[PDB]
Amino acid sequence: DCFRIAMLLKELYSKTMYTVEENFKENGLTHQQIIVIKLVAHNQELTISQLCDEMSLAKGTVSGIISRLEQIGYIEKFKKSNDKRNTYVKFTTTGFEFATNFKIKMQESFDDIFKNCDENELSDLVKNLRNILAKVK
């Protein structure tokens, strides 16, 4: 019933993330890491808490993704003096360089899957998703 829906969501999502893993394997970056880079590029900086909500992951998972991305030197963690509560992430110079150079390829990587669709279907899908998500609470 609603089990089928969970499975289809998973299937469509994974197909997306698989083409992204494939396109950046060469660069030594996971699809999760590409996600963060995209989100940091778009926002400049984000709290761990915001990354959790953008990626729909638990704080534990996010903290690991960030530490491994920091170890590769693409992002840095920091705390603003006016806020002892949150930790923040932003790019390093290497990260900025990455996100500039691969803006298109990143954008293309997420798009590849939906080449054959018309905005007809996609708009339909997005409306359904937003409708349903809106009613989850």
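In this text, residue numbers run from 1 along the sequence as written.
- Averaged over their C-alpha atoms, the temperature factors of 41-49 and 105-113 are higher for 105-113.
- For the pair 3-11 and 127-135, the mean B factor over Cα atoms is greater in 127-135.
- As recorded in the entry, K84 carries the highest CA temperature factor of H31, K84, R68, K77.
- When the modelled residues of the chain are ordered by their C-alpha B factor, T16 lands in the lowest third.
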